[PDB]
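See below for start.cif, which holds mmCIF, C-alpha atoms.
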```cif
data_target
loop_
_atom_site.label_atom_id
_atom_site.label_comp_id
_atom_site.auth_asym_id
_atom_site.auth_seq_id
_atom_site.Cartn_x
_atom_site.Cartn_y
_atom_site.Cartn_z
CA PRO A 1 -34.71 24.58 -21.25
CA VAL A 2 -37.48 25.36 -18.74
CA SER A 3 -37.19 24.65 -14.99
CA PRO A 4 -39.92 22.22 -13.71
CA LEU A 5 -40.39 24.65 -10.80
CA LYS A 6 -42.51 26.73 -13.23
CA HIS A 7 -45.34 24.38 -12.39
CA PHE A 8 -45.22 25.68 -8.88
CA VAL A 9 -45.17 29.47 -9.14
CA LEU A 10 -47.82 29.05 -11.84
CA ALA A 11 -50.08 27.01 -9.56
CA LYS A 12 -49.25 29.67 -7.02
CA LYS A 13 -50.49 32.66 -8.95
CA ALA A 14 -53.55 30.62 -9.88
CA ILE A 15 -54.90 29.76 -6.42
CA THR A 16 -54.05 33.19 -5.06
CA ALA A 17 -55.89 34.92 -7.81
CA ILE A 18 -58.60 32.31 -7.08
CA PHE A 19 -58.76 33.12 -3.40
CA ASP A 20 -58.47 36.78 -4.24
CA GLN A 21 -61.75 36.88 -6.02
CA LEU A 22 -63.13 34.17 -3.82
CA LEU A 23 -62.71 36.66 -0.96
CA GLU A 24 -64.30 39.37 -3.08
CA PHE A 25 -67.16 37.01 -3.92
CA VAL A 26 -67.88 35.95 -0.34
CA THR A 27 -67.38 39.59 0.69
CA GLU A 28 -70.16 40.77 -1.60
CA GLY A 29 -72.31 37.74 -0.80
CA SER A 30 -71.92 38.46 2.91
CA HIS A 31 -73.49 41.92 2.75
CA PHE A 32 -76.41 40.67 0.67
CA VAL A 33 -77.60 38.25 3.35
CA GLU A 34 -76.78 40.97 5.90
CA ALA A 35 -78.82 43.90 4.58
CA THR A 36 -81.60 41.52 3.68
CA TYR A 37 -81.75 39.70 7.01
CA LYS A 38 -81.82 43.03 8.83
CA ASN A 39 -84.60 44.40 6.56
CA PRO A 40 -87.50 44.95 9.02
CA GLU A 41 -90.09 44.51 6.26
CA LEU A 42 -89.01 40.91 5.64
CA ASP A 43 -90.26 37.87 7.61
CA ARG A 44 -87.54 35.21 7.42
CA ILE A 45 -85.97 35.42 3.96
CA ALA A 46 -82.39 35.04 5.22
CA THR A 47 -81.81 33.58 8.68
CA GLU A 48 -79.17 35.04 10.98
CA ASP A 49 -77.50 31.63 10.77
CA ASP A 50 -77.15 32.39 7.06
CA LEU A 51 -75.28 35.58 7.98
CA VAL A 52 -73.10 33.89 10.61
CA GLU A 53 -71.58 31.25 8.34
CA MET A 54 -71.12 33.93 5.70
CA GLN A 55 -69.43 36.09 8.33
CA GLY A 56 -67.39 32.99 9.03
CA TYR A 57 -66.39 32.14 5.48
CA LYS A 58 -64.73 35.42 4.47
CA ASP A 59 -63.30 35.85 7.97
CA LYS A 60 -61.00 32.97 7.12
CA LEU A 61 -60.74 33.29 3.34
CA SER A 62 -58.71 36.37 4.22
CA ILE A 63 -56.31 34.00 5.97
CA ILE A 64 -55.97 31.60 3.09
CA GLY A 65 -54.62 33.90 0.36
CA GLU A 66 -52.34 35.20 3.12
CA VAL A 67 -50.70 31.82 3.78
CA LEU A 68 -51.12 31.22 0.04
CA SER A 69 -48.52 33.93 -0.44
CA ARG A 70 -46.08 32.65 2.18
CA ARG A 71 -45.87 29.70 0.05
CA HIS A 72 -42.68 27.54 -0.53
CA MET A 73 -41.11 24.28 -1.78
CA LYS A 74 -38.56 22.83 0.63
CA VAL A 75 -35.86 20.19 0.28
CA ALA A 76 -33.75 19.14 3.28
CA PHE A 77 -30.24 17.66 3.29
CA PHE A 78 -28.92 15.00 5.68
CA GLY A 79 -25.77 12.94 6.15
CA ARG A 80 -22.53 12.45 8.10
CA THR A 81 -20.75 15.61 9.36
CA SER A 82 -19.57 16.53 5.87
CA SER A 83 -20.57 14.09 3.17
CA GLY A 84 -20.72 17.35 1.26
CA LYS A 85 -24.16 18.49 2.35
CA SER A 86 -22.13 21.64 2.48
CA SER A 87 -21.37 21.31 -1.20
CA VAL A 88 -24.52 19.93 -2.83
CA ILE A 89 -26.66 22.93 -1.88
CA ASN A 90 -23.64 24.96 -2.86
CA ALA A 91 -23.76 23.20 -6.25
CA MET A 92 -27.45 23.54 -7.13
CA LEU A 93 -27.09 27.14 -6.03
CA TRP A 94 -24.49 28.29 -8.57
CA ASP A 95 -22.24 29.79 -5.86
CA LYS A 96 -20.45 29.13 -2.58
CA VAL A 97 -23.56 30.14 -0.66
CA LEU A 98 -22.47 28.45 2.55
CA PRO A 99 -19.15 27.05 3.95
CA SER A 100 -17.93 23.49 3.57
CA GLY A 101 -17.50 22.22 7.08
CA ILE A 102 -18.88 23.49 11.03
CA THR A 103 -21.19 23.32 14.07
CA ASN A 104 -24.71 21.97 14.86
CA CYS A 105 -27.65 23.91 13.28
CA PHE A 106 -30.18 23.97 10.47
CA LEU A 107 -29.25 26.27 7.62
CA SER A 108 -32.05 27.33 5.29
CA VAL A 109 -31.55 29.32 2.11
CA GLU A 110 -34.37 31.38 0.59
CA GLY A 111 -34.75 33.73 -2.48
CA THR A 112 -34.93 37.58 -1.97
CA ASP A 113 -36.22 40.56 -3.88
CA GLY A 114 -33.33 42.29 -2.09
CA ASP A 115 -30.06 42.37 -4.03
CA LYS A 116 -27.47 41.81 -1.28
CA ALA A 117 -26.55 38.80 0.90
CA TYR A 118 -28.56 38.24 4.06
CA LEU A 119 -29.00 36.29 7.36
CA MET A 120 -31.63 36.24 10.16
CA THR A 121 -32.07 34.29 13.41
CA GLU A 122 -34.89 32.95 15.58
CA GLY A 123 -37.00 35.28 17.65
CA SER A 124 -36.71 38.58 15.82
CA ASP A 125 -35.98 40.93 12.99
CA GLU A 126 -32.29 41.89 13.36
CA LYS A 127 -30.27 41.44 10.19
CA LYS A 128 -26.57 40.66 10.05
CA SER A 129 -24.97 39.71 6.74
CA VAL A 130 -23.82 36.48 5.13
CA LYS A 131 -20.54 34.79 6.18
CA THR A 132 -20.37 37.55 8.70
CA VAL A 133 -21.99 35.51 11.44
CA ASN A 134 -21.77 31.97 10.13
CA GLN A 135 -19.15 30.86 12.64
CA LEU A 136 -21.28 32.65 15.23
CA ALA A 137 -24.32 30.35 15.41
CA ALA A 138 -35.03 22.17 21.33
CA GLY A 139 -33.53 22.69 17.87
CA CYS A 140 -31.83 25.68 16.27
CA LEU A 141 -32.47 27.25 12.88
CA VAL A 142 -30.74 30.26 11.41
CA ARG A 143 -31.73 31.04 7.88
CA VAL A 144 -29.42 32.30 5.12
CA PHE A 145 -30.86 34.65 2.50
CA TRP A 146 -29.24 35.08 -0.90
CA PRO A 147 -30.67 37.34 -3.77
CA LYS A 148 -33.39 36.42 -6.35
CA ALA A 149 -31.15 36.86 -9.37
CA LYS A 150 -28.30 34.49 -8.49
CA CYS A 151 -30.19 31.17 -8.91
CA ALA A 152 -33.16 29.97 -10.92
CA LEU A 153 -34.00 27.86 -7.88
CA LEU A 154 -34.30 30.65 -5.32
CA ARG A 155 -36.22 32.61 -7.94
CA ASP A 156 -38.82 29.87 -8.26
CA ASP A 157 -39.28 29.97 -4.46
CA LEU A 158 -37.34 26.83 -3.67
CA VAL A 159 -35.50 26.95 -0.34
CA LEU A 160 -32.76 24.56 0.84
CA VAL A 161 -32.05 23.31 4.37
CA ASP A 162 -28.74 21.90 5.62
CA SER A 163 -28.84 19.80 8.77
CA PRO A 164 -26.03 19.15 11.22
CA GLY A 165 -24.35 15.77 10.79
CA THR A 166 -26.50 12.74 11.58
CA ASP A 167 -23.07 11.58 12.76
CA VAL A 168 -22.70 13.65 15.89
CA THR A 169 -25.98 14.21 17.79
CA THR A 170 -28.94 12.10 18.89
CA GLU A 171 -31.19 13.84 21.51
CA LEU A 172 -33.65 11.37 19.92
CA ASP A 173 -34.57 12.30 16.38
CA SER A 174 -37.51 14.69 16.62
CA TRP A 175 -36.74 18.38 17.00
CA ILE A 176 -35.23 16.81 13.99
CA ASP A 177 -38.77 16.33 12.69
CA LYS A 178 -40.59 19.54 13.51
CA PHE A 179 -38.08 21.27 11.29
CA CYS A 180 -38.67 18.77 8.50
CA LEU A 181 -42.47 18.60 8.64
CA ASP A 182 -42.40 21.47 6.13
CA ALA A 183 -40.23 19.58 3.64
CA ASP A 184 -41.43 17.95 0.43
CA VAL A 185 -38.23 16.12 -0.48
CA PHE A 186 -35.58 14.60 1.78
CA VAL A 187 -32.06 14.12 0.43
CA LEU A 188 -29.52 11.67 1.82
CA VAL A 189 -26.05 12.88 0.91
CA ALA A 190 -24.03 9.68 1.17
CA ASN A 191 -20.26 9.42 1.28
CA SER A 192 -18.98 6.88 -1.17
CA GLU A 193 -15.51 5.50 -0.40
CA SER A 194 -17.44 4.55 2.72
CA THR A 195 -20.69 2.59 3.13
CA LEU A 196 -24.36 3.42 3.81
CA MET A 197 -24.51 3.45 7.63
CA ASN A 198 -27.25 2.63 10.14
CA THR A 199 -26.92 5.95 11.99
CA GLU A 200 -28.24 7.60 8.83
CA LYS A 201 -30.92 5.01 8.10
CA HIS A 202 -32.24 5.63 11.62
CA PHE A 203 -33.60 8.92 10.37
CA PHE A 204 -35.60 8.10 7.27
CA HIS A 205 -37.20 5.15 9.05
CA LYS A 206 -38.65 7.62 11.54
CA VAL A 207 -39.55 10.02 8.72
CA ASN A 208 -41.17 7.08 6.93
CA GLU A 209 -43.54 6.69 9.88
CA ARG A 210 -43.49 10.41 10.75
CA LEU A 211 -44.77 11.47 7.34
CA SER A 212 -46.57 9.38 4.71
CA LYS A 213 -45.07 8.77 1.29
CA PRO A 214 -41.88 10.70 1.71
CA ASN A 215 -39.95 11.25 -1.46
CA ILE A 216 -36.31 10.40 -0.80
CA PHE A 217 -33.16 10.85 -2.84
CA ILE A 218 -29.78 9.28 -2.20
CA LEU A 219 -26.84 11.34 -3.44
CA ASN A 220 -23.75 9.15 -3.25
CA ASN A 221 -21.36 12.09 -3.08
CA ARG A 222 -17.63 12.49 -3.83
CA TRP A 223 -17.67 10.21 -6.88
CA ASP A 224 -14.12 11.39 -7.71
CA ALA A 225 -12.44 9.25 -5.07
CA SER A 226 -13.30 6.20 -7.17
CA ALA A 227 -12.49 7.70 -10.59
CA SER A 228 -9.73 7.05 -13.19
CA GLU A 229 -10.64 3.36 -13.04
CA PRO A 230 -13.61 2.73 -15.36
CA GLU A 231 -15.26 -0.33 -13.80
CA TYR A 232 -13.44 -0.58 -10.63
CA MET A 233 -16.05 2.18 -10.60
CA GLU A 234 -19.09 0.30 -11.88
CA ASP A 235 -18.29 -2.50 -9.43
CA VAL A 236 -18.33 0.00 -6.57
CA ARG A 237 -21.52 1.67 -7.83
CA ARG A 238 -23.69 -1.43 -8.30
CA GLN A 239 -23.13 -2.66 -4.78
CA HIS A 240 -23.72 0.97 -3.88
CA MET A 241 -26.90 0.51 -5.86
CA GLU A 242 -27.36 -2.65 -3.78
CA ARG A 243 -27.36 -0.71 -0.46
CA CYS A 244 -29.69 1.94 -1.84
CA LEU A 245 -32.22 -0.24 -3.65
CA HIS A 246 -32.03 -2.18 -0.38
CA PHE A 247 -33.07 0.84 1.60
CA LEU A 248 -35.62 2.74 -0.46
CA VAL A 249 -37.42 -0.27 -1.91
CA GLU A 250 -37.40 -2.85 0.87
CA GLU A 251 -37.03 -1.40 4.40
CA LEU A 252 -38.54 2.07 3.91
CA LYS A 253 -40.57 0.62 1.06
CA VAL A 254 -40.74 4.19 -0.24
CA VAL A 255 -41.70 3.17 -3.72
CA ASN A 256 -40.79 0.27 -6.01
CA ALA A 257 -37.54 -0.97 -7.54
CA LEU A 258 -38.10 0.63 -10.95
CA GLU A 259 -38.66 4.25 -9.97
CA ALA A 260 -35.91 3.84 -7.35
CA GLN A 261 -33.34 4.25 -10.12
CA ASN A 262 -34.69 7.80 -10.34
CA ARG A 263 -33.84 8.27 -6.65
CA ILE A 264 -30.24 7.05 -6.41
CA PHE A 265 -27.37 9.06 -7.91
CA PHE A 266 -23.57 9.00 -8.05
CA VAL A 267 -22.22 12.53 -8.29
CA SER A 268 -19.72 14.79 -6.53
CA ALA A 269 -20.79 18.37 -5.84
CA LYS A 270 -17.22 19.68 -5.62
CA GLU A 271 -16.80 19.23 -9.37
CA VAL A 272 -20.27 20.57 -10.13
CA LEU A 273 -19.36 23.43 -7.78
CA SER A 274 -16.18 24.53 -9.55
CA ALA A 275 -17.61 24.25 -13.07
CA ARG A 276 -20.47 26.49 -11.88
CA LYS A 277 -18.35 29.21 -10.27
CA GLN A 278 -16.00 29.24 -13.26
CA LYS A 279 -18.71 31.04 -15.21
CA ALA A 280 -16.98 34.36 -14.48
CA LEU A 281 -10.28 17.42 -16.00
CA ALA A 282 -10.69 14.08 -14.22
CA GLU A 283 -11.75 11.16 -16.42
CA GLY A 284 -15.54 11.08 -16.74
CA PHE A 285 -16.37 14.44 -15.18
CA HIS A 286 -18.88 15.55 -17.82
CA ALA A 287 -20.42 12.17 -17.07
CA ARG A 288 -20.45 12.99 -13.34
CA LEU A 289 -21.55 16.52 -14.11
CA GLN A 290 -24.59 15.53 -16.21
CA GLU A 291 -25.22 12.77 -13.65
CA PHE A 292 -25.80 15.72 -11.33
CA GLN A 293 -27.79 17.37 -14.08
CA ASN A 294 -30.56 14.88 -14.32
CA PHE A 295 -30.72 14.60 -10.57
CA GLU A 296 -31.46 18.30 -11.07
CA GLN A 297 -34.47 17.57 -13.16
CA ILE A 298 -36.22 14.63 -11.63
CA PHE A 299 -35.74 16.35 -8.27
CA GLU A 300 -37.38 19.48 -9.61
CA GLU A 301 -39.91 17.29 -11.44
CA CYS A 302 -40.62 15.49 -8.15
CA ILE A 303 -40.48 18.29 -5.57
CA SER A 304 -42.52 20.44 -7.95
CA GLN A 305 -45.70 18.46 -8.48
CA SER A 306 -45.51 16.95 -4.98
CA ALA A 307 -45.58 20.23 -3.05
CA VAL A 308 -48.59 21.64 -4.92
CA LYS A 309 -50.71 18.70 -3.77
CA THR A 310 -49.45 18.44 -0.19
CA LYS A 311 -50.34 22.08 0.50
CA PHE A 312 -53.20 22.96 -1.87
CA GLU A 313 -55.18 19.74 -2.10
CA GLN A 314 -57.71 20.79 0.54
CA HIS A 315 -57.43 24.54 0.46
CA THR A 316 -58.83 23.66 -2.94
CA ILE A 317 -61.25 21.08 -1.53
CA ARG A 318 -62.41 23.32 1.34
CA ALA A 319 -63.02 26.05 -1.22
CA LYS A 320 -65.50 23.95 -3.18
CA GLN A 321 -67.05 23.06 0.18
CA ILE A 322 -67.29 26.76 1.04
CA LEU A 323 -68.63 27.31 -2.45
CA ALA A 324 -71.01 24.36 -2.01
CA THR A 325 -72.50 25.85 1.17
CA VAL A 326 -73.08 29.32 -0.27
CA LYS A 327 -75.03 27.86 -3.22
CA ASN A 328 -77.44 26.37 -0.70
CA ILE A 329 -77.66 29.69 1.12
CA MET A 330 -78.24 31.46 -2.19
CA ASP A 331 -80.87 28.78 -2.72
CA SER A 332 -82.43 29.31 0.72
CA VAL A 333 -82.71 33.06 0.12
CA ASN A 334 -84.16 32.98 -3.41
CA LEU A 335 -86.51 30.37 -1.99
CA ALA A 336 -88.01 32.01 1.10
CA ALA A 337 -88.19 35.06 -1.16
CA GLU A 338 -91.03 33.93 -3.37
CA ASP A 339 -92.88 32.40 -0.38
CA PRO A 340 -98.23 43.98 -1.96
CA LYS A 341 -95.80 46.01 -4.00
CA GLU A 342 -92.87 44.93 -1.99
CA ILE A 343 -93.82 42.28 -4.54
CA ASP A 344 -90.65 43.35 -6.31
CA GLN A 345 -88.76 43.66 -3.05
CA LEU A 346 -87.98 39.98 -3.33
CA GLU A 347 -88.26 40.43 -7.03
CA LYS A 348 -85.27 42.57 -6.04
CA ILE A 349 -83.79 39.76 -3.95
CA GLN A 350 -84.82 37.59 -6.84
CA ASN A 351 -81.84 37.71 -9.07
CA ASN A 352 -79.18 39.16 -6.89
CA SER A 353 -79.39 35.66 -5.43
CA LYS A 354 -79.35 34.42 -9.05
CA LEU A 355 -76.39 36.68 -9.71
CA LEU A 356 -74.84 35.27 -6.55
CA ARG A 357 -75.84 31.85 -7.85
CA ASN A 358 -73.86 32.44 -10.99
CA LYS A 359 -71.33 34.27 -8.81
CA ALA A 360 -70.55 30.88 -7.35
CA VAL A 361 -70.97 29.04 -10.65
CA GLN A 362 -68.28 31.50 -11.72
CA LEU A 363 -65.85 30.09 -9.23
CA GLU A 364 -66.85 26.42 -9.17
CA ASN A 365 -65.76 26.00 -12.76
CA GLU A 366 -62.46 27.74 -12.13
CA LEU A 367 -61.66 25.50 -9.15
CA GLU A 368 -62.42 22.51 -11.38
CA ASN A 369 -60.03 24.03 -13.90
CA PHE A 370 -57.32 24.44 -11.27
CA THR A 371 -57.60 20.75 -10.38
CA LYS A 372 -57.05 19.28 -13.84
CA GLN A 373 -54.41 21.99 -14.22
CA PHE A 374 -52.24 21.19 -11.21
CA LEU A 375 -53.85 18.28 -9.35
CA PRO A 376 -53.55 15.10 -11.46
CA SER A 377 -55.91 13.74 -11.79
CA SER A 378 -59.52 14.95 -11.48
#
```
structure tokens encoding of this file:
Amino acid sequence: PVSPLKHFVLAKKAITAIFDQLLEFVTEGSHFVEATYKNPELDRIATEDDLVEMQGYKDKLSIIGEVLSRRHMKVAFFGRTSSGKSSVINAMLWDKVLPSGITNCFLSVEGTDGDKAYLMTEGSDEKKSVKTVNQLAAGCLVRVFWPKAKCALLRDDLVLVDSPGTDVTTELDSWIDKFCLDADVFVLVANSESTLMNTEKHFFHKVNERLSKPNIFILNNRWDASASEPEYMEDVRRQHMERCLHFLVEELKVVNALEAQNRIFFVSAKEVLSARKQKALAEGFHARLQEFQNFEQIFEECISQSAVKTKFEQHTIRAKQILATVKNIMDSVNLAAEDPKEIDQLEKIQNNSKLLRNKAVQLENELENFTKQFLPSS
């Protein structure tokens, strides 16, 4: 009953809280080495180089929690002009969010605290509404915003991108790519009374070399066209399996033949659409429908865990590094300290350093906790 995207907003609130108090930590630790380096009555208890890398660390830890709030999972859709890339998004999002059919641009779909329908373009803040300016308009991205409370997906900061047809424009395939570099999961919406083309395989081959380990789903859409005929169907689908096991396992070599069954699906969004807008019968629809609704799950299961690694792995790593360095500086300071009655001057830069020791110890352990938490494994 719970949407595997919970993983993601949970890991989110974790790291941000982490880097919130990480900033606070390095903030406080920065002034210690500052006031104490400046102290005219001290020889060399805290070098200026100690201050400089502390000035450095929080300078940029401010940045991290910032981009750690701008945060998002992204799945991108590709296929012939209308294999129903139109409709699949439209299906997962329980509404007609965006037209079936068309012209050439990327169409991303986010999740707003605002309550009404939305749309913004490249290169500034103007805001014109939804299907208002859809017919309107070296790549081109215009990004559709629908409201928070319409979809569990857009709540749990998933966003969906529709591409123009891989059918109708080459220009090479790489403003193609600097739109997709964000993405965690790439979906191939195939069109099933037809056959898996080469002008669609062109793309993922690049992406395979573009980006390492890309996680790729094949949605053989419009599975109604072959219905009413029980294993006229299964005949069609296994050779369809043949083209897709073909692709994922052996040319792309995405990932082996077993787990490739969890990547190839035979559904039609148009059915899943209607049954999801009916919330105020062709033979084997509830089969097709639940076929969609375990594509749902393993997608969410996949694009969930995946995205947390690919964009926290080394914010997390760098943090322990940053933490690692400040221990040594807190060492350095407590150390030159002990080397009058400004006896208890450094017996007042004694323990502050020990506090700042344990200040770090504080945050080591939590980062370790975050890693068994969301980064399997250890």
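Every protein, DNA or RNA residue with an atom at most 7 Å from stretch 70-82 of chain A, where all atoms listed in the file count and chain neighbours fewer than 2 positions away do not, is listed here: residues 66, 67, 68, 84, 85, 86, 101, 157, 158, 159, 160, 161, 162, 163, 164, 165, 166, 167, 182, 183, 184, 185, 186, 187, 188, 189, 190, 200 and 307 of chain A.
Checking A:282, A:360, A:219, A:349 one by one against residue A:337, counting only C-alpha atoms, you find the shortest gap at A:349.
You will find atom CA of residue A:32 at 14.5 Å from atom CA of residue A:56.
Nearest residue to residue A:295, choosing from A:321, A:258, A:217, A:311 and counting all atoms listed in the file: A:217.
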Neighbours of stretch 331-335 of chain A within 8 Å (only C-alpha atoms; same-chain residues fewer than 6 positions away dropped), as a PDB file with C-alpha atoms, in the coordinates of the input?
```
ATOM      1  CA  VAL A  33     -77.600  38.250   3.350  1.00  0.00           C
ATOM      2  CA  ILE A  45     -85.970  35.420   3.960  1.00  0.00           C
ATOM      3  CA  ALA A  46     -82.390  35.040   5.220  1.00  0.00           C
ATOM      4  CA  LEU A 346     -87.980  39.980  -3.330  1.00  0.00           C
ATOM      5  CA  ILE A 349     -83.790  39.760  -3.950  1.00  0.00           C
ATOM      6  CA  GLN A 350     -84.820  37.590  -6.840  1.00  0.00           C
ATOM      7  CA  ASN A 351     -81.840  37.710  -9.070  1.00  0.00           C
ATOM      8  CA  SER A 353     -79.390  35.660  -5.430  1.00  0.00           C
ATOM      9  CA  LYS A 354     -79.350  34.420  -9.050  1.00  0.00           C
ATOM     10  CA  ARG A 357     -75.840  31.850  -7.850  1.00  0.00           C
TER      11      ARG A 357
END
```
Fill in the blank from the handout: Expressed in Å, the length from atom CA of residue A:305 to atom CA of residue A:196 is 28.9 Å
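In this comparison, which uses only C-alpha atoms, the residue of A:131, A:246, A:6, A:60 approaching residue A:260 most closely is A:246.
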Handout entry: Resolved residues for the PyMOL selection byres ((chain A and resi 23) around 12) as a VMD selection string
Key = chain A and resid 15 to 22 24 to 30 54 to 66 319 322 to 323 359 to 360 363
Problem - Residue with smallest distance to residue A:137 - pool A:96, A:8, A:105, A:370, counting all atoms listed in the file - result: A:105
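Using only C-alpha atoms, the shortest contact distance between residue A:179 and any of A:241, A:154, A:267, A:107 is found at A:107.
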Completion exercise
Counting all atoms listed in the file, the residue among A:257, A:156, A:371, A:95 that lies closest to residue A:315 is A:371
Practice task
Just give me the residues with any atom within 12 Å of (-9.5, 4.6, -7.0), file coordinates, counting only C-alpha atoms, written as a count of residues only.
Solution key: 19
